[PDB]
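Encoded as structure tokens, the structure appears first; notes follow it.
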There are 4 protein chains.
Amino acid sequence: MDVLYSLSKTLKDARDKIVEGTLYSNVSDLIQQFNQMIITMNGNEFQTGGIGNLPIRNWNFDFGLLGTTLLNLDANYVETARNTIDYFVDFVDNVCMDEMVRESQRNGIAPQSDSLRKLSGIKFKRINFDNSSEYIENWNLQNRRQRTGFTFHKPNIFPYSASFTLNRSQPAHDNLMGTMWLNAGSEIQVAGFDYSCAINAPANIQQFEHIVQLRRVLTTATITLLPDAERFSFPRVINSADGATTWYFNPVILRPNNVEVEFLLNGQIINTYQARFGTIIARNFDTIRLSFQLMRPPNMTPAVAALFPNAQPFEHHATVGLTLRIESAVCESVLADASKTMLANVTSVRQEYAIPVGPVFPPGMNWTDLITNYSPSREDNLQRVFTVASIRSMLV
Amino acid sequence: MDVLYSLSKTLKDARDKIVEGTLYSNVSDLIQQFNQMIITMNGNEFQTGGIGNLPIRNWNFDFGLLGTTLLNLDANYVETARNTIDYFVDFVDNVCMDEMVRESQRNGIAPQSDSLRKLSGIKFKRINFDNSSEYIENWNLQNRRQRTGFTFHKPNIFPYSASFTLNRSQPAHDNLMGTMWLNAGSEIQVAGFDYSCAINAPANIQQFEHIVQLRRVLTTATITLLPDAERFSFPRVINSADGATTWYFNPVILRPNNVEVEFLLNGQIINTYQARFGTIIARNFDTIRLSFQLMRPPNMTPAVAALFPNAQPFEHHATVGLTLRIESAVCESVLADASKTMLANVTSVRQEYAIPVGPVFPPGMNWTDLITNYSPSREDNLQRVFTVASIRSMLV
Amino acid sequence: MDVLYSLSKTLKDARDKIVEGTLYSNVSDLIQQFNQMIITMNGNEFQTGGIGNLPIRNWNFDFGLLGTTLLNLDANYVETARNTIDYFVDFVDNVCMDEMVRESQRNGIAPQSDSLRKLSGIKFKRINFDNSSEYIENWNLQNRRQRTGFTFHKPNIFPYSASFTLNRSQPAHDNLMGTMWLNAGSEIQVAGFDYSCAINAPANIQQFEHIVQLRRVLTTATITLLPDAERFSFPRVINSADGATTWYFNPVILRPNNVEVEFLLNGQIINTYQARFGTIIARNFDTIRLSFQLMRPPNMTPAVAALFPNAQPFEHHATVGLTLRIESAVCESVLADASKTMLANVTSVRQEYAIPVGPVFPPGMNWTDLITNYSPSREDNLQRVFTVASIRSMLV
Amino acid sequence: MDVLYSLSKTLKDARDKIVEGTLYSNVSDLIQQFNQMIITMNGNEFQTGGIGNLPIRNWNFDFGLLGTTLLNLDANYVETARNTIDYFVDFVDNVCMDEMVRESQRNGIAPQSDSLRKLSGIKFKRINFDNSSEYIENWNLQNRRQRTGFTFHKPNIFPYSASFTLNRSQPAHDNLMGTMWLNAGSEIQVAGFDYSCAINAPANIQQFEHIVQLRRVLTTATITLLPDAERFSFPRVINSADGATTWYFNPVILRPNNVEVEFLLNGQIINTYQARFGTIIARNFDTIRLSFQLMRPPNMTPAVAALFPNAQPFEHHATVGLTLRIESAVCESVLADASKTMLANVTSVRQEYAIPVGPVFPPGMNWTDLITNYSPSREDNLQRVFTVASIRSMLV
Ligand SMILES: [Cl-]
Ligand SMILES: [Zn+2]
Ligand SMILES: [Zn+2]
Ligand SMILES: [Zn+2]
Ligand SMILES: [Zn+2]
Ligand SMILES: [Zn+2]
């Protein structure tokens with residue numbers, strides 16, 4: 001991996017720095033690294049495999065060294081370098097693709113394709129140089145069993161789940177009490193709905209709770225918390241839990257009362273926020289507990305007082321919402337997020353060459369199914385393919 | 001462009017690296033590059049700014065070099081460098097502004113201002129060194145006609161469009177079947193509404209379709225697909241298709257049925273997702289085709305049964321919705337996006353100096369018009385000014 | 001491409017210049033170029049492939065150089081040169097055919113045949129010399145991302161379409177208002193027909209508008225615009241839009257009123273011609289808007305007044321016309337035209353060897369389908385095959 | 001003109017021939033010519049533009065020669081040559097645009113732009129070499145008082161004119177005898193109509209004549225003559241000669257009788273074609289006389305006999321026709337034609353830079369007005385701008 005990364009980094013530096021007219025002192029170290037790469041690679045045969053529709057490709061390296069002895073790089077130099085660089089970039093791209101489409105249940109962190117296994121030999125260690133990218137740096141940390149850290153903007157930590165729980169219900173679904181939620185991406189929308197508007201509650205207060213168990217720990221997470229859930233604040237016809245019938249939802253939104261957001265780690269309270277909206281920092285947690293309340297308004301103008309009668313039928317159901325967005329966070333594991341392209345790159349490569357589903361990942365690299373069952377073997381394979389994808393994206 | 005980028009990169013490196021106390025071996029190559037820049041620019045006269053209110057500015061270079069044999073940089077050295085750095089930064093900013101406010105129909109990729117045309121001379125090519133930024137890398141690859149793409153977080157690929165289509169209509173607008181959509185930025189919110197709830201539709205299923213043709217191909221795109229459209233889920237009074245009368249929309253949201261997303265390229269099915277929500281990957285496409293269906297719930301509770309009568313009047317209108325957010329993608333052409341400042345920078349420069357409208361871009365650099373009619377010439381000019389804006393933002 | 005073109009150009013020069021009795025000084029430079037080609041090709045094995053019915057052919061080059069000893073070329077010299085040239089022409093023609101019958105969706109501009117891929121290696125660059133053909137010139141300019149130009153006499157820019165639009169219609173088809181058009185090749189014939197002769201029009205004016213979107217931008221275009229549309233000026237029996245019935249058209253031709261021809265680029269008005277007929281120039285456009293009017297004659301002689309009653313039935317339907325021929329134009333993309341034979345050569349080669357339909361071109365090389373869906377991939381493949389067809393037509 | 005053309009031809013040869021890998025013997029003479037151009041242009045300041053919206057541009061020439069010795073051209077050589085060529089091509093394009101937008105009543109053949117007047121000095125005559133194009137060759141032949149010739153495919157020799165003459169008429173416009181014609185470009189459709197069908201004409205024959213005077217003599221003209229005129233063979237509501245009223249035309253086409261096409265020079269008959277249709281050759285003529293007779297069919301069938309009564313009213317009007325198309329001709333003067341783009345180039349350059357109407361040409365370079373009043377001064381200016389446009393086309 002570090003050798004593949006160093007090949008790609010050398011090629012990217014060569015493409016960016018070996019340009020016409022440049023001073024040789026700008027590229028001296030790059031020229032030495034490039035020549036070391038050529039020397040290490042010369043004489044070696046590689047085969048990038050025929051998994052799926054990925055074509056079988058054969059690679060032979062017999063290249064001359066890049067010249068020294070120029071004060072400024074000229075067009076001849078750039079042309080020779082470009083020929084060599086183009087061939088090397090094609091090879092590295094094919095190696096990255098061949099690695100991206102493979103997986104093993106056990107030892108899934110180890111290289112899978114033949115070319116990357118060959119490149120893991122001692123003889124190629126000479127190629128290795130500056131491992132500065134986030135993914136390669138975390139790869140080296142993981143190899144050394146050190147703390148790993150990935151920074152995500154809008155981490156895709158929640159699998160898609162649009163569900164509801166009815167805490168009070170009956171076959172006619174006209175006096176219902178419960179909660180409905182959408183967890184997706186970095187966003188949670190939850191809403192506690194009471195059809196009776198807490199007329200018969202002990203203090204006219206209906207408590208609502210929502211626990212989301214993150215499948216990986218997050219740290220240094222900045223989170224926007226907003227009082228209402230726009231997703232569950234308009235009239236809906238919702239299937240019954242067993243699918244037999246449909247019930248009706250006619251929300252009228254009251255401001256949530258006694259909002260209590262707890263960020264928990266291993267069943268311990270780390271962060272607590274009461275009646276706080278806007279940005280909050282959850283420094284380290286694996287669970288989010290939202291406790292809100294519908295407090296029946298003690299005073300109601302006639303227009304308001306009409307909507308909440310003492311008894312049934314209840315036509316305007318009192319709903320209190322909450323929206324929680326994880327804007328950015330840090331996780332020790334690789335995750336899909338809004339800004340990066342690793343998951344999309346891996347999925348695209350798997351789809352383009354018709355890679356059959358393997359024994360590690362869900363078909364189509366479906367992220368909901370992946371992160372619902374984010375097993376350690378899946379974590380290793382995903383970190384591997386994502387590091388390879390990031391190495392590829394440096395050149396392609 | 002490469003020379004202007006190299007000037008800006010040299011100035012940025014001089015600001016960052018030529019600092020008090022630093023080992024000369026940290027800065028030797030940079031000092032050499034800086035001195036080569038001084039030597040190349042010395043004795044050359046430049047004129048920037050004769051357009052709009054951008055004032056005429058003349059630039060002369062007679063600057064001394066920087067030493068090459070001390071061991072650690074001291075405050076004297078930094079003071080010697082800083083005045084030259086300031087003059088050069090001013091010159092580069094003015095060259096960038098001069099280029100940003102200019103356009104041409106014939107060769108929009110070619111330089112337009114006098115100063116950048118002079119900097120295209122072979123003698124200035126010695127200034128050229130590490131072209132490592134995404135925009136300059138894409139510039140160099142595009143000059144060679146190599147495959148290269150820009151990576152966008154939330155690309156602004158959709159021109160603003162809030163419209164509706166009625167498949168069933170009549171002058172009173174009380175039994176309407178059709179679709180309403182917002183296309184904005186990287187977001188598509190679409191909603192199919194049936195006022196009769198497909199009471200008389202075959203199989204009680206009403207099919208809605210929505211096709212969005214992207215002006216440029218997106219690759220390796222991450223998409224969030226949610227099953228509701230919060231934008232079309234509340235009562236609305238909407239103008240008629242000719243603006244003669246206003247009709248009423250009173251949605252009640254049913255979950256969309258048989259949800260299908262087809263990402264297509266040149267009319268071919270590339271990606272297909274059925275009943276999939278959350279994160280999906282579209283590897284290569286120019287068109288998004290969303291097919292969804294309103295299905296009457298065969299079993300309704302009494303409130304739900306009341307909502308939808310067998311015949312008119314229809315007061316609660318059955319609506320199904322989809323929301324599609326392109327979180328990240330890659331495009332071979334430049335685009336505005338939520339992360340970068342290139343479009344904003346170019347617009348700000350054009351507005352601050354009252355640049356007359358040219359023959360390439362819409363007035364005021366309006367993005368909706370520009371992306372609606374994103375022609376190859378407009379793409380050329382936009383890539384030029386966006387690369388210049390990125391070069392300018394390296395120093396300003 | 002440049003190498004294959006240079007080979008063909010050398011062979012053509014040799015065929016035209018190596019003739020009995022000619023001074024050696026007439027051919028000295030040509031002999032040097034030819035011997036350089038012999039030196040470069042000697043020892044290289046080529047295979048022209050077996051796609052479709054094209055025979056697999058193997059090519060071995062072990063030729064001696066052409067002599068330099070004669071003051072005037074004799075018959076023996078011409079015969080030896082003829083033998084070598086015949087083998088080389090056979091090879092170049094086979095390579096061109098093998099390239100023309102192949103296509104790619106990913107990189108359709110890049111060589112597809114194995115021999116043209118081998119000829120792209122650096123070792124063959126010595127062969128490369130004068131690139132003076134319009135197609136090779138455009139190829140080299142495009143490789144450098146320079147403004148390309150293809151000049152077309154009667155460009156085939158309009159896909160074949162004979163259609164009509166009825167703005168007013170009824171099931172009996174006797175009071176019809178609308179337009180009928182033929183768009184074919186470089187010609188547009190449009191005709192607006194009103195059956196009531198605008199008897200009840202707001203000012204006795206019936207407006208017709210025809211919008212034709214060109215698949216590519218045309219420049220420096222010479223266009224003949226004529227008042228009448230001879231194609232829609234005789235009695236016709238026309239299928240209904242659904243093919244259920246046939247209606248009757250009995251045109252009587254009036255002079256079009258307020259003839260306004262707009263040539264638009266990016267929806268902006270570039271050229272406007274009002275009441276102008278004959279030759280006009282459209283400098284740069286991609287859309288044509290033809291707006292014309294059937295104006296009821298304020299005064300009529302008794303026969304004319306008899307043709308047009310005040311109410312139904314209507315026997316003589318007032319038709320106005322417009323004819324628009326593009327005689328010459330310039331396009332940045334390749335196109336079929338009335339003079340060049342590139343499309344016909346590519347189609348003939350594909351049909352002669354029964355090339356299976358591929359993933360780029362329509363399944364006959366049919367031009368209407370191709371120009372209708374002129375995608376960037378299609379344009380790339382078409383430019384490649386048209387350049388190869390021009391290179392082939394230099395020899396065959 | 002010869003010097004500007006030599007500059008452009010040198011630049012075009014340099015672009016086409018100075019390519020990577022080519023033998024130096026392929027370019028030696030070209031390298032010498034290019035170096036001579038550099039020597040002659042060195043130390044000279046030029047100014048272009050300053051008219052309309054054409055920008056002022058200053059050009060200073062200080063370039064070195066190409067003295068490098070090589071067997072084959074490398075990238076360094078090509079890049080140096082390319083820098084010089086790009087500057088020179090921009091200069092030549094600007095000089096051509098500057099000359100194309102200018103006119104003078106006196107000495108309109110002579111150079112008008114200051115740069116071209118300076119280039120006419122003796123010191124620049126060294127640049128002059130091969131003058132092989134049709135337009136520059138004709139320019140030189142004319143300067144030598146030798147007979148020049150421009151070959152035209154479909155010469156635009158007829159100004160647009162859709163007219164009619166009534167030889168017998170009355171206010172009712174129901175018993176009309178006369179002719180109607182369209183003279184457009186290289187096409188002439190003419191039709192003689194008699195409403196009485198020559199019932200009372202002497203010998204039952206009605207004679208029609210049509211004289212078209214060409215503004216310039218044509219030679220070696222290939223003409224297609226067809227019996228019928230499809231443009232005047234459908235029902236038509238035509239305007240009155242004064243425009244007061246409208247008359248009705250209901251053609252029934254009879255074959256023209258005693259067809260005689262006379263091609264005349266100075267009123268003498270050069271070519272005569274009697275009852276000959278298809279391709280004919282008019283070797284040298286300035287006038288065309290079409291004489292054709294409507295001969296009443298002596299023997300009719302009842303359906304035919306019913307169309308032609310003895311007296312008014314006349315419903316079916318007997319029309320004979322002729323179509324005359326000049327496919328190719330040769331003119332000593334310059335003309336627009338179907339295949340070339342010189343007129344379109346000049347018009348485009350004048351429109352793009354908003355050139356005010358001058359004292360020689362009509363507004364917008366309208367070809368009908370220009371060719372209707374094709375005066376000697378107009379002819380001189382037109383040849384100048386067309387030669388300049390042909391020189392510009394070689395590079396742009
Ligand atoms: Cl965001
Ligand atoms: Zn239920
Ligand atoms: Zn974001
Ligand atoms: Zn409506
Ligand atoms: Zn119809
Ligand atoms: Zn009259």
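Scheme for the structure tokens: letters A, B, ... for chains in order shown; per-chain residue numbers from 1; ligand numbers from 1 in order shown.
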
Selection within 12 Å of ligand 3 by only C-alpha atoms and all ligand atoms, output as a count of residues only = 26

Check the DSSP output for the backbone and give back, as a PyMOL selection string, the residues of segment 238-333 of chain D in strand (DSSP E).
-> chain D and resi 238-239+246-249+251-253+257-265+268-274+278-295+317-331

Give the residues of chain D that lie within 9 Å of chain B; count only C-alpha atoms, and format the answer as a list in words.
->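 Output check: residues 79, 80, 83 and 87 of chain D.
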
Polymer residues at most 7 Å from segment 346-352 of chain A, only C-alpha atoms, same-chain spacing of 4 or more positions, as a ChimeraX atom specification = /A:97,100-101,342,364-365,385,389 /B:220,281,283

Can you tell me which residues sit at most 8 Å away from ligand 6, counting only C-alpha atoms and all ligand atoms, written as a tab-separated table (two decimals) with N, CA and C atoms, in the first residue's frame?
chain	number	residue	atom	x	y	z
D	166	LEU	N	-47.16	42.49	-65.99
D	166	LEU	CA	-48.46	42.23	-66.58
D	166	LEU	C	-48.54	42.96	-67.91
D	169	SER	N	-53.87	43.40	-68.49
D	169	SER	CA	-54.40	43.45	-67.14
D	169	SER	C	-55.58	44.41	-67.10
D	170	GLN	N	-56.35	44.30	-66.02
D	170	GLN	CA	-57.50	45.16	-65.79
D	170	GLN	C	-57.76	45.20	-64.29
D	171	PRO	N	-58.52	46.19	-63.81
D	171	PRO	CA	-58.69	46.34	-62.36
D	171	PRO	C	-59.20	45.09	-61.66
D	173	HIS	N	-58.30	42.12	-62.43
D	173	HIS	CA	-57.20	41.16	-62.44
D	173	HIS	C	-57.70	39.73	-62.58
D	239	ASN	N	-49.76	40.31	-54.74
D	239	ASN	CA	-50.08	41.71	-54.52
D	239	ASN	C	-50.18	42.45	-55.84
D	240	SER	N	-50.90	43.56	-55.81
D	240	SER	CA	-50.97	44.45	-56.96
D	240	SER	C	-49.62	45.12	-57.18
D	241	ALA	N	-49.40	45.59	-58.41
D	241	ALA	CA	-48.13	46.23	-58.71
D	241	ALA	C	-47.92	47.46	-57.85
D	242	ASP	N	-48.98	48.23	-57.61
D	242	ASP	CA	-48.93	49.36	-56.70
D	242	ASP	C	-49.24	48.98	-55.26
D	245	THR	N	-54.42	46.35	-54.21
D	245	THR	CA	-55.24	45.16	-54.06
D	245	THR	C	-54.43	43.88	-54.24
D	246	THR	N	-55.11	42.74	-54.30
D	246	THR	CA	-54.49	41.45	-54.54
D	246	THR	C	-55.23	40.74	-55.66
D	247	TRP	N	-54.48	39.97	-56.44
D	247	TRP	CA	-55.02	39.16	-57.52
D	247	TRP	C	-54.71	37.69	-57.28

Contacts of residue 106 of chain D within 12 Å, only C-alpha atoms, excl. fewer than 3 positions in-chain, as a ChimeraX atom specification = /D:103,109-112,359-360,376-381

Can you spit out the residues from that selection as a PDB file, in the first residue's frame, using N, CA and C atoms?
ATOM      1  N   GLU D 103     -12.681  50.699 -46.182  1.00  0.00           N
ATOM      2  CA  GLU D 103     -13.013  50.912 -47.579  1.00  0.00           C
ATOM      3  C   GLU D 103     -12.676  52.347 -47.943  1.00  0.00           C
ATOM      4  N   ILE D 109      -8.644  49.550 -54.361  1.00  0.00           N
ATOM      5  CA  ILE D 109      -7.751  48.404 -54.464  1.00  0.00           C
ATOM      6  C   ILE D 109      -6.530  48.593 -53.569  1.00  0.00           C
ATOM      7  N   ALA D 110      -6.079  49.833 -53.390  1.00  0.00           N
ATOM      8  CA  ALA D 110      -4.871  50.101 -52.631  1.00  0.00           C
ATOM      9  C   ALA D 110      -5.082  49.799 -51.149  1.00  0.00           C
ATOM     10  N   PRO D 111      -4.005  49.509 -50.415  1.00  0.00           N
ATOM     11  CA  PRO D 111      -4.155  49.211 -48.986  1.00  0.00           C
ATOM     12  C   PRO D 111      -4.771  50.376 -48.228  1.00  0.00           C
ATOM     13  N   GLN D 112      -5.605  50.042 -47.252  1.00  0.00           N
ATOM     14  CA  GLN D 112      -6.323  51.020 -46.448  1.00  0.00           C
ATOM     15  C   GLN D 112      -5.829  51.094 -45.014  1.00  0.00           C
ATOM     16  N   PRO D 359     -18.564  54.548 -47.011  1.00  0.00           N
ATOM     17  CA  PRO D 359     -18.999  55.170 -48.270  1.00  0.00           C
ATOM     18  C   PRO D 359     -18.914  54.288 -49.508  1.00  0.00           C
ATOM     19  N   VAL D 360     -18.648  52.988 -49.374  1.00  0.00           N
ATOM     20  CA  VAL D 360     -18.452  52.099 -50.513  1.00  0.00           C
ATOM     21  C   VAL D 360     -19.474  50.970 -50.525  1.00  0.00           C
ATOM     22  N   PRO D 376     -17.292  50.033 -60.191  1.00  0.00           N
ATOM     23  CA  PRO D 376     -15.851  49.718 -60.214  1.00  0.00           C
ATOM     24  C   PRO D 376     -15.163  49.944 -58.880  1.00  0.00           C
ATOM     25  N   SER D 377     -15.518  51.016 -58.171  1.00  0.00           N
ATOM     26  CA  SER D 377     -14.953  51.246 -56.847  1.00  0.00           C
ATOM     27  C   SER D 377     -15.375  50.150 -55.880  1.00  0.00           C
ATOM     28  N   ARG D 378     -16.651  49.769 -55.926  1.00  0.00           N
ATOM     29  CA  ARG D 378     -17.124  48.666 -55.101  1.00  0.00           C
ATOM     30  C   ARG D 378     -16.394  47.380 -55.451  1.00  0.00           C
ATOM     31  N   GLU D 379     -16.166  47.140 -56.741  1.00  0.00           N
ATOM     32  CA  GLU D 379     -15.459  45.937 -57.166  1.00  0.00           C
ATOM     33  C   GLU D 379     -14.025  45.917 -56.644  1.00  0.00           C
ATOM     34  N   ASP D 380     -13.332  47.054 -56.707  1.00  0.00           N
ATOM     35  CA  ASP D 380     -11.966  47.123 -56.194  1.00  0.00           C
ATOM     36  C   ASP D 380     -11.931  46.835 -54.700  1.00  0.00           C
ATOM     37  N   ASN D 381     -12.794  47.509 -53.938  1.00  0.00           N
ATOM     38  CA  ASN D 381     -12.822  47.290 -52.498  1.00  0.00           C
ATOM     39  C   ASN D 381     -13.172  45.848 -52.170  1.00  0.00           C
TER      40      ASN D 381
END

If you run DSSP on the backbone, which residues of segment 273-308 of chain D are helix (DSSP H, G or I), as JSON, numbers by chain?
-> {"D": [302, 303, 304, 305, 306, 307]}

Contact residues around residue 195 of chain D with only C-alpha atoms at 12 Å, ignoring same-chain residues under 6 positions, as a PyMOL selection string = chain D and resi 166-169+173-179+201+206+248-253+294+296+307-320

Go through A:172, A:261, A:322, A:119 one by one, measure the shortest atom-to-atom distance of each to ligand 2 using only C-alpha atoms and all ligand atoms, and give the residue with the smallest value.
-> A:172

Can you tell me which residues surround segment 1-10 of chain D at a distance of at most 8 Å, considering only C-alpha atoms, apart from same-chain residues fewer than 5 positions away, and format the answer as an mmCIF file with N, CA, C and O atoms, in the first residue's frame?
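Written output follows (result14.cif):
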data_model
loop_
_atom_site.group_PDB
_atom_site.id
_atom_site.type_symbol
_atom_site.label_atom_id
_atom_site.label_comp_id
_atom_site.auth_asym_id
_atom_site.auth_seq_id
_atom_site.Cartn_x
_atom_site.Cartn_y
_atom_site.Cartn_z
ATOM 1 N N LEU D 30 11.940 25.991 -45.982
ATOM 2 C CA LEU D 30 10.955 26.666 -45.149
ATOM 3 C C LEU D 30 11.620 27.378 -43.981
ATOM 4 O O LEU D 30 11.209 28.476 -43.606
ATOM 5 N N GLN D 33 13.051 30.556 -45.336
ATOM 6 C CA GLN D 33 11.997 31.535 -45.590
ATOM 7 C C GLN D 33 11.488 32.144 -44.287
ATOM 8 O O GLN D 33 11.295 33.360 -44.190
ATOM 9 N N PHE D 34 11.278 31.307 -43.274
ATOM 10 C CA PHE D 34 10.842 31.774 -41.962
ATOM 11 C C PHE D 34 11.866 32.716 -41.337
ATOM 12 O O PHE D 34 11.507 33.751 -40.764
ATOM 13 N N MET D 37 11.693 36.010 -43.037
ATOM 14 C CA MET D 37 10.561 36.746 -42.489
ATOM 15 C C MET D 37 10.944 37.417 -41.180
ATOM 16 O O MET D 37 10.658 38.601 -40.963
ATOM 17 N N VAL D 89 1.083 34.874 -36.184
ATOM 18 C CA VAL D 89 -0.256 34.551 -36.652
ATOM 19 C C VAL D 89 -1.265 35.514 -36.051
ATOM 20 O O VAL D 89 -2.180 35.978 -36.738
ATOM 21 N N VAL D 92 -0.876 38.736 -38.032
ATOM 22 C CA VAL D 92 -1.427 38.667 -39.379
ATOM 23 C C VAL D 92 -2.948 38.667 -39.327
ATOM 24 O O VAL D 92 -3.609 39.301 -40.154
ATOM 25 N N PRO D 111 -4.005 49.509 -50.415
ATOM 26 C CA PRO D 111 -4.155 49.211 -48.986
ATOM 27 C C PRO D 111 -4.771 50.376 -48.228
ATOM 28 O O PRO D 111 -4.492 51.543 -48.506
ATOM 29 N N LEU D 116 -0.878 47.513 -43.359
ATOM 30 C CA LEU D 116 -0.693 46.988 -44.706
ATOM 31 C C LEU D 116 -0.018 48.006 -45.615
ATOM 32 O O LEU D 116 0.719 47.622 -46.528
ATOM 33 N N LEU D 119 3.525 47.618 -44.766
ATOM 34 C CA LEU D 119 4.006 46.370 -45.339
ATOM 35 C C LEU D 119 4.191 46.444 -46.844
ATOM 36 O O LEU D 119 4.823 45.554 -47.415
ATOM 37 N N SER D 120 3.645 47.463 -47.498
ATOM 38 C CA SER D 120 3.844 47.663 -48.925
ATOM 39 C C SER D 120 5.157 48.359 -49.236
ATOM 40 O O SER D 120 5.499 48.504 -50.413
ATOM 41 N N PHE D 124 10.032 45.432 -47.063
ATOM 42 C CA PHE D 124 9.351 44.185 -46.743
ATOM 43 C C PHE D 124 9.234 43.243 -47.932
ATOM 44 O O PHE D 124 8.798 42.100 -47.755
ATOM 45 N N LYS D 125 9.646 43.672 -49.126
ATOM 46 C CA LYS D 125 9.532 42.806 -50.293
ATOM 47 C C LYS D 125 10.320 41.510 -50.142
ATOM 48 O O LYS D 125 10.025 40.537 -50.843
ATOM 49 N N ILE D 127 10.159 39.471 -47.749
ATOM 50 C CA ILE D 127 9.278 38.443 -47.204
ATOM 51 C C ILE D 127 8.595 37.672 -48.322
ATOM 52 O O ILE D 127 8.260 36.494 -48.158
ATOM 53 N N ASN D 128 8.395 38.305 -49.473
ATOM 54 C CA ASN D 128 7.531 37.747 -50.500
ATOM 55 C C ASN D 128 8.059 36.414 -51.012
ATOM 56 O O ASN D 128 9.225 36.303 -51.398
ATOM 57 N N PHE D 129 7.203 35.399 -51.011
ATOM 58 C CA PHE D 129 7.501 34.162 -51.723
ATOM 59 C C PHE D 129 6.170 33.543 -52.151
ATOM 60 O O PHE D 129 5.139 34.220 -52.158
ATOM 61 N N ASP D 130 6.190 32.251 -52.477
ATOM 62 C CA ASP D 130 5.210 31.576 -53.321
ATOM 63 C C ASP D 130 3.792 32.113 -53.163
ATOM 64 O O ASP D 130 3.196 32.029 -52.086
ATOM 65 N N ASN D 131 3.240 32.616 -54.266
ATOM 66 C CA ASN D 131 1.887 33.165 -54.340
ATOM 67 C C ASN D 131 1.062 32.231 -55.222
ATOM 68 O O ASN D 131 0.934 32.447 -56.426
ATOM 69 N N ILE D 136 -4.774 35.376 -54.467
ATOM 70 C CA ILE D 136 -3.532 36.133 -54.598
ATOM 71 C C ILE D 136 -2.983 36.015 -56.016
ATOM 72 O O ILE D 136 -2.414 36.970 -56.556
ATOM 73 N N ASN D 140 -2.130 39.208 -58.384
ATOM 74 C CA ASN D 140 -0.889 39.464 -59.110
ATOM 75 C C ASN D 140 -1.134 39.564 -60.609
ATOM 76 O O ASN D 140 -0.574 40.443 -61.273
ATOM 77 N N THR D 387 -9.552 39.127 -50.959
ATOM 78 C CA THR D 387 -8.189 38.618 -50.897
ATOM 79 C C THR D 387 -7.685 38.609 -49.462
ATOM 80 O O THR D 387 -7.044 37.645 -49.024
ATOM 81 N N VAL D 388 -7.996 39.659 -48.703
ATOM 82 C CA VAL D 388 -7.579 39.696 -47.308
ATOM 83 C C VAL D 388 -8.270 38.595 -46.514
ATOM 84 O O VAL D 388 -7.670 37.986 -45.623
ATOM 85 N N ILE D 391 -6.597 35.346 -47.248
ATOM 86 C CA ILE D 391 -5.333 35.283 -46.520
ATOM 87 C C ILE D 391 -5.584 34.964 -45.051
ATOM 88 O O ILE D 391 -4.849 34.185 -44.434
ATOM 89 N N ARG D 392 -6.622 35.568 -44.467
ATOM 90 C CA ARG D 392 -6.951 35.310 -43.069
ATOM 91 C C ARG D 392 -7.408 33.873 -42.861
ATOM 92 O O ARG D 392 -7.099 33.260 -41.833
ATOM 93 N N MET D 394 -6.398 31.231 -44.198
ATOM 94 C CA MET D 394 -5.276 30.303 -44.150
ATOM 95 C C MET D 394 -4.805 30.066 -42.722
ATOM 96 O O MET D 394 -4.304 28.982 -42.407
ATOM 97 N N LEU D 395 -4.972 31.053 -41.847
ATOM 98 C CA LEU D 395 -4.530 30.978 -40.461
ATOM 99 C C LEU D 395 -5.672 30.933 -39.462
ATOM 100 O O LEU D 395 -5.545 30.287 -38.423
#

Quick one: everything within 7 Å of residue 189 of chain B, counting only C-alpha atoms, minus sequence neighbours fewer than 6 positions away in the same chain. Send it as a list in words.
->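 These residues fall inside the cut-off: residues 181, 182, 183, 229, 231, 322, 323 and 324 of chain B.
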